[PDB]
Amino acid sequence: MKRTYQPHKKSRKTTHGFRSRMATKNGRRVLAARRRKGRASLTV
Amino acid sequence: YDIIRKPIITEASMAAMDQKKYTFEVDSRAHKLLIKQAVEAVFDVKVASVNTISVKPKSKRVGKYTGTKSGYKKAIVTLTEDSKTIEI
Amino acid sequence: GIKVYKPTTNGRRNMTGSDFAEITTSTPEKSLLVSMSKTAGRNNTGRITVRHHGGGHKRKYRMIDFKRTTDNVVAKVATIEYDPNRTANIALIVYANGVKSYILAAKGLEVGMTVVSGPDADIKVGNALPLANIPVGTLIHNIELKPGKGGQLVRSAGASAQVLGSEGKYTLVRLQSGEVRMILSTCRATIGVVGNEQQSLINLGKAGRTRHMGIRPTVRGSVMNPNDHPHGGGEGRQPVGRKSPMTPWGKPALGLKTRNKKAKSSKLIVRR
RNA sequence: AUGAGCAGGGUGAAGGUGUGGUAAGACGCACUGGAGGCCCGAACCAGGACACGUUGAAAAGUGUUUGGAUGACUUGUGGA
RNA sequence: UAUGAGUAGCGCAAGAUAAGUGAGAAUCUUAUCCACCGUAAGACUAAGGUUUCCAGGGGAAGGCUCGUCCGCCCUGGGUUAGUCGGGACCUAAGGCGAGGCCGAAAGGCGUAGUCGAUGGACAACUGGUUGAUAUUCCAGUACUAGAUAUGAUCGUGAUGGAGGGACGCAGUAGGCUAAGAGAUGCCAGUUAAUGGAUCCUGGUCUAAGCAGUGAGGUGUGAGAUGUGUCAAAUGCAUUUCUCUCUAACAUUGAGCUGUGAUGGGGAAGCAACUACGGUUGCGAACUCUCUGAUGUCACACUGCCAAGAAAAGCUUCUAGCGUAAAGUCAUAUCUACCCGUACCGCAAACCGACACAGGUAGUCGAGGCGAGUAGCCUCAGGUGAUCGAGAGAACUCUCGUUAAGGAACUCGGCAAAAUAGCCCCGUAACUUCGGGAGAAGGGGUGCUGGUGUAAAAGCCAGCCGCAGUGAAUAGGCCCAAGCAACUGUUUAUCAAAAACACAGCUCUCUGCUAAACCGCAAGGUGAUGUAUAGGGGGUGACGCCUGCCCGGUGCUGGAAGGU
């Protein structure tokens, strides 16, 4: 039937935008894990 | 000041010539009033206005990896009459 | 004041009708601005925090004169309107200065009675005297222990209140159910009577019209899990012998009282 | 929270009205009149049964029936 | 790398021939017929997709087969705005939150404030136009806002103060109109095979302005005390009256009437030449009748209770106002930003790993019957949905039949069957008096002329019929019992019920900075609530009834003593 993601643009951001991830002193930490690994991109 | 990039030559470009219009390019960090008066300065051609449109970047493959070809703001130079067209 | 619905269909079986039958016409006043609010029980935290709840409308509340700290004016009642919120009805009032003040209505008032206090006024219905001015054995409401501070106390939708007595600093007043507080004697007071009385007996058939009332329904604790409730679920609708059943929280409920006698109180009491 | 709707068609209350009804009401029959977890039935939303398939079109269906069908509806939007 | 195995499948629907194309055609292209959908399988538009669009070229893979074709690949173009959607406006729900609050810390809360549209504010609409963009390009008309150019004159009049915007649902009536039917009228063909003429396009105008109107609401005003509008106010509502409630007047208003605007639109066709494919140019009337909406006025009205956003744009008031061209209108000509604009979008681009048999806003949505957006066949429109040929095995599954008999089959009439439409008769039982109930059961139903039906059935006779809602589409009924009242809800990936819930009824707890609850606290809910309310427990309408036992437990209360 219905599946999980049928997102819109607000949906694809607003959990994972750079200030959203940056905001709570925590997601920016795991982003810095994502930087200290340094994969294909950062914010998505 | 002369921060016009280049003209654009399509088959619609000759329709612009007959219409006293053009298809010119500038940098992205721009405003149609600003490049309007810049065109007025370096050209002395009498402009009605410019249309809005830009072009998205074209990310196809060009070579053995992805050709990330960039967009550019296609400036539709709408003139008025009684001025100097440029046939280049 | 209770009409009925004719039992046309099932679900419409009893349907104890309203008999609003009394209220001035419609259209409450527009500068009666109070912004609407639904916590839906859930808090700053906001998980549920508060039980079965929810489903009303954009209930556009309005400033009643909770305090009525005003003075000796032609305080003209104009209309008695419907309340979505509270059981008694309500009434508009203009003073001399041309304002749109507004009070809880009573049993038998009428537009143009203009009833007011200084506490100049006598014992007729609708005066905000204090009980230092009011004599013994009367039928009041709007008495609150903080003077200069309106209704938090037993100004009561439902029935109004009564007063047994007073001495010195305070006032020997019953509320209901054989209860007496002794309240600060020069705190304000509105002699009279509640607006509506029979709005304790209206039986209404549809669960969904109680959802139009706006409470999502209440589960029994019985068939709920041992994960859920101390009603230990198992075979059948089995009985509960587990020592005086209780909340899904962790205290026994029937019986015990939970006074908090260690209060800013208890020198303002009755026997019960 | 803001919005979107939810074809049609019956049903017929209450209410109101008027005369025979009445000292006066209760009554009589009209007239409105539709309220209604009303009904039938579309979209719509479900899934009761049955057949098919079940390494399947398919990580949960099809097809035929079935229910609700102005609500505790359905559901967009954007949130907690 | 086998194997199974050249087997399953080849992903829900029909094409057909001729001709081209090429090297090679079933599957590419055209022609010509057929066919299908058509309250869609059309068009347009959200989210989404992120260039998939088109042009040209090619066919390594991809296309479930072929393949010259392509959403495949290379190359190149393609999206245009003062008015369209957003932002440069406001703001809900909410989020962030300097201040502050508490907290090992991080933090979490939160006043001011700040963003946050799905909302509320506001100017442009007709015609043409490509391979593709069109409300965007341009012809015509605007209007909005500003500018500088220019006779004002004391004027502007605020964050204040008001007003206003500004709102629930149902239902009826019109009003007009889209939209459709019929003829007038225009254009082209009297068809070829009995007959012998009637055949199908015809059928315009945009908003803004200018002026009114379907009409609607709406009561108006005047004076005085202002008592106030945190200051002031002439603005506001009410103290008190002169009235006078014609509704004049303040206040909105579909459409229409002209104008706008004689705007090119418009076919058979005609020429011309451009392959003569096509393009250019030229060319007709532009009538009325009838239906007429759920669109429209407009939540306008009526009515009923679950009693029904927000601020801001806007008006008025003055505090101020060099008020001296700030203002201000004429006047003149320019300007009017940034982003988005292509295509698809019930879908081969979305989300279902896939060219998938799902899901997916919303708005329109033809006629003919037909209440009907259900059917059914054809509009407009779009489509042939992707491996085929043979042969008609058995078997498997979807379909149609069937004597005679019926449920004897089976645990079980399970499935199928059969009935149903519309009208008109008629309708038991109990009932909580509504219902039951479409009970049941019955009848009719086609056509021809009358006459009456057009507003309108019934009549008469006839013609027929196997069959007359000729097919489609659309109840099997009854008796009885148990459970549950009922509607709702219920395990999506099994189970819809007696399960839950529900009004109801019962008890108990809570007098308020509630109880209770959440959080370390702070803060907040409870609820701008006040014992008819809130919380917990039971039971689940209505009717009857709820008996006994305080030994024990728990609870409550009491204090003598023990501890």
# chains A, B, ... in the order shown; residues from 1 in each chain; ligands from 1
>>> closest_atom_pairs(of="chain B", to="chain E", cutoff="12 Å", atoms="only C-alpha atoms (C1' of nucleotides)", output="tab-separated table")
residue	atom	partner	partner_atom	distance
B:8	CA	E:77	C1'	11.0
B:9	CA	E:77	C1'	10.0
B:10	CA	E:77	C1'	7.1
B:11	CA	E:77	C1'	8.4
B:12	CA	E:77	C1'	9.4
B:13	CA	E:77	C1'	11.3
B:15	CA	E:137	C1'	10.5
B:16	CA	E:137	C1'	9.9
B:19	CA	E:138	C1'	9.3
B:21	CA	E:137	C1'	10.4
B:23	CA	E:80	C1'	10.9
B:29	CA	E:338	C1'	11.2
B:30	CA	E:338	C1'	10.1
B:31	CA	E:337	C1'	8.3
B:32	CA	E:337	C1'	8.9
B:33	CA	E:337	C1'	8.6
B:34	CA	E:337	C1'	10.9
B:48	CA	E:335	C1'	10.4
B:49	CA	E:335	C1'	10.1
B:50	CA	E:80	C1'	8.5
B:51	CA	E:80	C1'	5.0
B:52	CA	E:80	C1'	6.0
B:53	CA	E:80	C1'	6.0
B:54	CA	E:79	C1'	9.1
B:55	CA	E:79	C1'	8.7
B:56	CA	E:51	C1'	9.3
B:57	CA	E:51	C1'	10.1
B:58	CA	E:51	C1'	8.3
B:59	CA	E:51	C1'	9.8
B:60	CA	E:51	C1'	10.0
B:61	CA	E:74	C1'	11.0
B:62	CA	E:74	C1'	10.4
B:63	CA	E:74	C1'	11.7
B:73	CA	E:80	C1'	11.3
B:74	CA	E:80	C1'	9.3
B:75	CA	E:80	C1'	8.8
B:76	CA	E:80	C1'	7.0
B:77	CA	E:80	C1'	10.1
B:78	CA	E:137	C1'	9.8
>>> write_last_selection(atoms="N, CA, C and O atoms", output="compact mmCIF listing (two decimals), in the first residue's frame")
# COMPACT_ATOMS: atom_id res chain seq x y z
N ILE B 8 24.33 35.65 -26.90
CA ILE B 8 23.85 34.30 -27.11
C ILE B 8 23.18 34.25 -28.48
O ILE B 8 22.31 35.07 -28.77
N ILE B 9 23.59 33.30 -29.31
CA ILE B 9 23.18 33.25 -30.71
C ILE B 9 22.39 31.96 -30.90
O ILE B 9 22.96 30.88 -31.06
N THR B 10 21.07 32.08 -30.88
CA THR B 10 20.16 30.99 -31.22
C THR B 10 19.55 31.26 -32.58
O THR B 10 19.92 32.21 -33.28
N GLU B 11 18.61 30.41 -32.97
CA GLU B 11 17.76 30.77 -34.09
C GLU B 11 16.71 31.79 -33.68
O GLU B 11 16.16 32.48 -34.54
N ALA B 12 16.41 31.89 -32.39
CA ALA B 12 15.56 32.97 -31.91
C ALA B 12 16.31 34.28 -31.80
O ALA B 12 15.68 35.32 -31.62
N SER B 13 17.64 34.23 -31.89
CA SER B 13 18.44 35.45 -31.84
C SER B 13 18.15 36.34 -33.03
O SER B 13 18.14 37.57 -32.89
N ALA B 15 15.27 36.47 -34.48
CA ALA B 15 13.96 37.04 -34.16
C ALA B 15 14.11 38.19 -33.18
O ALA B 15 13.35 39.17 -33.25
N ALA B 16 15.08 38.09 -32.27
CA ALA B 16 15.39 39.21 -31.39
C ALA B 16 15.96 40.38 -32.17
O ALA B 16 15.66 41.54 -31.86
N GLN B 19 13.23 42.02 -33.76
CA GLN B 19 12.38 42.58 -32.74
C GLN B 19 13.06 43.74 -32.02
O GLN B 19 12.42 44.41 -31.20
N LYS B 21 15.62 43.13 -30.03
CA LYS B 21 15.89 42.50 -28.74
C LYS B 21 17.25 41.83 -28.84
O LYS B 21 17.83 41.72 -29.92
N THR B 23 19.99 38.73 -26.60
CA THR B 23 20.14 37.64 -25.65
C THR B 23 21.56 37.79 -25.14
O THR B 23 22.51 37.28 -25.75
N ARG B 29 25.44 37.65 -9.80
CA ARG B 29 25.23 38.67 -8.77
C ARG B 29 24.84 39.99 -9.43
O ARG B 29 25.62 40.93 -9.56
N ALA B 30 23.57 40.09 -9.83
CA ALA B 30 23.18 41.14 -10.75
C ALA B 30 21.74 41.58 -10.50
O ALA B 30 21.01 40.99 -9.70
N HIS B 31 21.36 42.64 -11.22
CA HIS B 31 20.01 43.18 -11.23
C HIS B 31 19.74 43.77 -12.60
O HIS B 31 20.61 44.44 -13.16
N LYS B 32 18.53 43.54 -13.11
CA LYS B 32 18.22 43.93 -14.48
C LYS B 32 18.18 45.44 -14.66
O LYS B 32 18.41 45.92 -15.78
N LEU B 33 17.93 46.20 -13.59
CA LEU B 33 18.07 47.65 -13.67
C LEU B 33 19.53 48.04 -13.75
O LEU B 33 19.90 48.99 -14.45
N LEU B 34 20.38 47.31 -13.03
CA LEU B 34 21.80 47.63 -12.98
C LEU B 34 22.48 47.32 -14.30
O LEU B 34 23.21 48.16 -14.85
N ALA B 48 13.99 48.98 -23.31
CA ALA B 48 12.74 48.94 -22.56
C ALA B 48 12.98 48.37 -21.17
O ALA B 48 12.82 49.08 -20.16
N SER B 49 13.41 47.12 -21.09
CA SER B 49 13.69 46.41 -19.85
C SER B 49 14.45 45.14 -20.21
O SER B 49 14.88 44.96 -21.36
N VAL B 50 14.62 44.24 -19.25
CA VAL B 50 15.13 42.91 -19.50
C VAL B 50 14.16 41.93 -18.85
O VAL B 50 13.56 42.23 -17.81
N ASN B 51 13.98 40.77 -19.47
CA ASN B 51 13.23 39.72 -18.81
C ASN B 51 14.04 39.08 -17.68
O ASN B 51 15.17 39.47 -17.37
N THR B 52 13.44 38.06 -17.08
CA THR B 52 13.89 37.63 -15.77
C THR B 52 14.92 36.50 -15.87
O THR B 52 15.88 36.47 -15.09
N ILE B 53 14.77 35.63 -16.86
CA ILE B 53 15.08 34.22 -16.67
C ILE B 53 16.57 33.93 -16.55
O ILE B 53 17.42 34.64 -17.10
N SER B 54 16.88 32.92 -15.74
CA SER B 54 18.18 32.29 -15.68
C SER B 54 18.06 30.83 -16.08
O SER B 54 16.98 30.33 -16.39
N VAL B 55 19.20 30.14 -16.08
CA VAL B 55 19.29 28.74 -16.47
C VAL B 55 19.87 27.96 -15.30
O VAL B 55 20.83 28.41 -14.66
N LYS B 56 19.26 26.81 -15.00
CA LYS B 56 19.80 25.87 -14.04
C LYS B 56 21.13 25.30 -14.54
O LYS B 56 21.43 25.36 -15.74
N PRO B 57 21.96 24.76 -13.66
CA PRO B 57 23.16 24.06 -14.13
C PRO B 57 22.82 22.70 -14.74
O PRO B 57 21.89 22.02 -14.31
N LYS B 58 23.59 22.33 -15.76
CA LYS B 58 23.36 21.08 -16.49
C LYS B 58 24.36 20.04 -16.02
O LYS B 58 25.51 20.03 -16.47
N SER B 59 23.92 19.16 -15.15
CA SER B 59 24.78 18.12 -14.59
C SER B 59 24.51 16.82 -15.34
O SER B 59 23.78 15.95 -14.88
N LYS B 60 25.10 16.70 -16.52
CA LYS B 60 25.11 15.45 -17.26
C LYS B 60 26.48 14.82 -17.06
O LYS B 60 27.23 15.20 -16.16
N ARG B 61 26.80 13.79 -17.84
CA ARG B 61 28.16 13.29 -17.89
C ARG B 61 28.86 13.88 -19.11
O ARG B 61 28.29 13.92 -20.21
N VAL B 62 30.04 14.45 -18.89
CA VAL B 62 30.90 14.96 -19.96
C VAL B 62 32.27 14.38 -19.66
O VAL B 62 32.98 14.86 -18.77
N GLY B 63 32.64 13.32 -20.37
CA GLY B 63 33.86 12.60 -20.07
C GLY B 63 33.58 11.32 -19.30
O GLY B 63 32.49 10.76 -19.40
N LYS B 73 22.50 33.34 -16.44
CA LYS B 73 21.24 34.09 -16.51
C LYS B 73 21.03 34.67 -17.90
O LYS B 73 21.61 35.69 -18.27
N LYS B 74 20.16 34.01 -18.66
CA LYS B 74 19.88 34.39 -20.04
C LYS B 74 19.07 35.68 -20.03
O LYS B 74 17.87 35.69 -19.75
N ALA B 75 19.75 36.78 -20.32
CA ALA B 75 19.17 38.12 -20.24
C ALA B 75 18.51 38.47 -21.57
O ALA B 75 19.19 38.59 -22.59
N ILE B 76 17.19 38.64 -21.54
CA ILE B 76 16.44 38.98 -22.74
C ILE B 76 16.39 40.50 -22.81
O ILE B 76 15.57 41.14 -22.17
N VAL B 77 17.28 41.07 -23.62
CA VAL B 77 17.47 42.51 -23.72
C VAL B 77 16.32 43.06 -24.55
O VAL B 77 16.34 42.98 -25.78
N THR B 78 15.31 43.63 -23.90
CA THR B 78 14.19 44.23 -24.61
C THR B 78 14.49 45.71 -24.79
O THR B 78 14.54 46.46 -23.82
>>> residues_around(residues="residue 512 of chain E", least_positions_apart="5", cutoff="10 Å", atoms="only C-alpha atoms (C1' of nucleotides)", output="list in words")
residues 144, 152, 153 and 154 of chain C; 529 and 530 of chain E
>>> write_last_selection(atoms="N, CA and C atoms (P, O5', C5', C4', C3', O3' and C1' of nucleotides)", output="PDB file, in the first residue's frame")
ATOM      1  N   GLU C 144     -13.344  35.847  47.350  1.00  0.00           N
ATOM      2  CA  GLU C 144     -12.014  35.291  47.163  1.00  0.00           C
ATOM      3  C   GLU C 144     -11.094  35.927  48.185  1.00  0.00           C
ATOM      4  N   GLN C 152     -11.444  32.996  41.830  1.00  0.00           N
ATOM      5  CA  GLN C 152     -10.641  31.781  41.797  1.00  0.00           C
ATOM      6  C   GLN C 152     -11.337  30.755  42.675  1.00  0.00           C
ATOM      7  N   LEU C 153     -12.096  31.270  43.625  1.00  0.00           N
ATOM      8  CA  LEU C 153     -12.844  30.566  44.648  1.00  0.00           C
ATOM      9  C   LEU C 153     -14.277  30.330  44.164  1.00  0.00           C
ATOM     10  N   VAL C 154     -15.210  30.226  45.106  1.00  0.00           N
ATOM     11  CA  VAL C 154     -16.448  29.474  44.976  1.00  0.00           C
ATOM     12  C   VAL C 154     -17.532  30.400  44.410  1.00  0.00           C
TER      13      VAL C 154
ATOM     14  P     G E 529     -12.257  30.108  34.118  1.00  0.00           P
ATOM     15  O5'   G E 529     -12.345  28.623  33.555  1.00  0.00           O
ATOM     16  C5'   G E 529     -13.572  27.911  33.572  1.00  0.00           C
ATOM     17  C4'   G E 529     -13.500  26.749  34.522  1.00  0.00           C
ATOM     18  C3'   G E 529     -13.818  27.070  35.972  1.00  0.00           C
ATOM     19  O3'   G E 529     -15.207  27.048  36.244  1.00  0.00           O
ATOM     20  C1'   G E 529     -11.814  25.835  35.861  1.00  0.00           C
ATOM     21  P     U E 530     -15.973  28.392  36.651  1.00  0.00           P
ATOM     22  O5'   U E 530     -16.379  28.164  38.174  1.00  0.00           O
ATOM     23  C5'   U E 530     -17.109  27.006  38.563  1.00  0.00           C
ATOM     24  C4'   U E 530     -16.385  26.200  39.612  1.00  0.00           C
ATOM     25  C3'   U E 530     -16.581  26.658  41.055  1.00  0.00           C
ATOM     26  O3'   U E 530     -16.561  25.532  41.922  1.00  0.00           O
ATOM     27  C1'   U E 530     -14.293  26.735  40.504  1.00  0.00           C
TER      28        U E 530
END
>>> residues_around(residues="residue 42 of chain C", least_positions_apart="3", cutoff="10 Å", atoms="only C-alpha atoms (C1' of nucleotides)", output="PyMOL selection string")
(chain C and resi 38-39+45-51+53) or (chain D and resi 80) or (chain E and resi 518+524-526)
>>> interface_residues(of="chain D", to="chain C", cutoff="8 Å", atoms="only C-alpha atoms (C1' of nucleotides)", output="ChimeraX atom specification")
/D:13-14,36-38,72,80
>>> write_last_selection(atoms="N, CA and C atoms (P, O5', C5', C4', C3', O3' and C1' of nucleotides)", output="PDB file, in the first residue's frame")
ATOM      1  P     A D  13     -43.634  15.641   9.691  1.00  0.00           P
ATOM      2  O5'   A D  13     -43.023  15.650  11.155  1.00  0.00           O
ATOM      3  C5'   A D  13     -43.322  14.560  12.013  1.00  0.00           C
ATOM      4  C4'   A D  13     -42.293  14.378  13.089  1.00  0.00           C
ATOM      5  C3'   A D  13     -42.094  15.561  14.009  1.00  0.00           C
ATOM      6  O3'   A D  13     -43.094  15.663  15.000  1.00  0.00           O
ATOM      7  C1'   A D  13     -40.000  14.772  13.320  1.00  0.00           C
ATOM      8  P     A D  14     -43.927  17.025  15.142  1.00  0.00           P
ATOM      9  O5'   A D  14     -42.997  17.937  16.052  1.00  0.00           O
ATOM     10  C5'   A D  14     -42.419  17.421  17.239  1.00  0.00           C
ATOM     11  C4'   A D  14     -41.139  18.137  17.567  1.00  0.00           C
ATOM     12  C3'   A D  14     -41.246  19.650  17.580  1.00  0.00           C
ATOM     13  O3'   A D  14     -41.701  20.151  18.819  1.00  0.00           O
ATOM     14  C1'   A D  14     -39.422  19.018  16.237  1.00  0.00           C
ATOM     15  P     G D  36     -29.547  17.593  13.897  1.00  0.00           P
ATOM     16  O5'   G D  36     -29.875  16.055  13.629  1.00  0.00           O
ATOM     17  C5'   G D  36     -30.885  15.393  14.383  1.00  0.00           C
ATOM     18  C4'   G D  36     -31.218  14.034  13.821  1.00  0.00           C
ATOM     19  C3'   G D  36     -30.063  13.268  13.162  1.00  0.00           C
ATOM     20  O3'   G D  36     -30.130  11.901  13.550  1.00  0.00           O
ATOM     21  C1'   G D  36     -31.916  13.307  11.734  1.00  0.00           C
ATOM     22  P     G D  37     -28.931  11.246  14.387  1.00  0.00           P
ATOM     23  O5'   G D  37     -27.869  10.820  13.284  1.00  0.00           O
ATOM     24  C5'   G D  37     -26.512  11.212  13.402  1.00  0.00           C
ATOM     25  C4'   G D  37     -25.597  10.017  13.435  1.00  0.00           C
ATOM     26  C3'   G D  37     -26.242   8.679  13.155  1.00  0.00           C
ATOM     27  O3'   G D  37     -26.202   8.451  11.769  1.00  0.00           O
ATOM     28  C1'   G D  37     -24.680   8.539  14.972  1.00  0.00           C
ATOM     29  P     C D  38     -27.182   7.414  11.069  1.00  0.00           P
ATOM     30  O5'   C D  38     -28.586   7.691  11.749  1.00  0.00           O
ATOM     31  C5'   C D  38     -29.421   8.726  11.266  1.00  0.00           C
ATOM     32  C4'   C D  38     -30.671   8.158  10.662  1.00  0.00           C
ATOM     33  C3'   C D  38     -30.517   7.488   9.311  1.00  0.00           C
ATOM     34  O3'   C D  38     -29.971   6.182   9.373  1.00  0.00           O
ATOM     35  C1'   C D  38     -32.426   8.875   9.288  1.00  0.00           C
ATOM     36  P     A D  72     -20.464  12.133  15.110  1.00  0.00           P
ATOM     37  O5'   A D  72     -19.178  13.072  15.126  1.00  0.00           O
ATOM     38  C5'   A D  72     -18.420  13.265  16.312  1.00  0.00           C
ATOM     39  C4'   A D  72     -17.110  12.523  16.256  1.00  0.00           C
ATOM     40  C3'   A D  72     -16.807  11.870  14.904  1.00  0.00           C
ATOM     41  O3'   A D  72     -15.422  11.976  14.588  1.00  0.00           O
ATOM     42  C1'   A D  72     -16.750  10.243  16.604  1.00  0.00           C
ATOM     43  P     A D  80       7.771  20.592  15.009  1.00  0.00           P
ATOM     44  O5'   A D  80       7.114  20.088  16.364  1.00  0.00           O
ATOM     45  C5'   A D  80       6.849  20.995  17.420  1.00  0.00           C
ATOM     46  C4'   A D  80       5.953  20.363  18.446  1.00  0.00           C
ATOM     47  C3'   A D  80       6.373  18.975  18.903  1.00  0.00           C
ATOM     48  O3'   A D  80       7.299  19.041  19.972  1.00  0.00           O
ATOM     49  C1'   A D  80       4.045  19.021  18.398  1.00  0.00           C
TER      50        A D  80
END
>>> atom_distance(atom1="atom CA of residue 71 of chain C", atom2="atom CA of residue 107 of chain C")
23.1 Å
>>> atom_distance(atom1="atom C1' of residue 344 of chain E", atom2="atom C1' of residue 53 of chain E")
9.5 Å
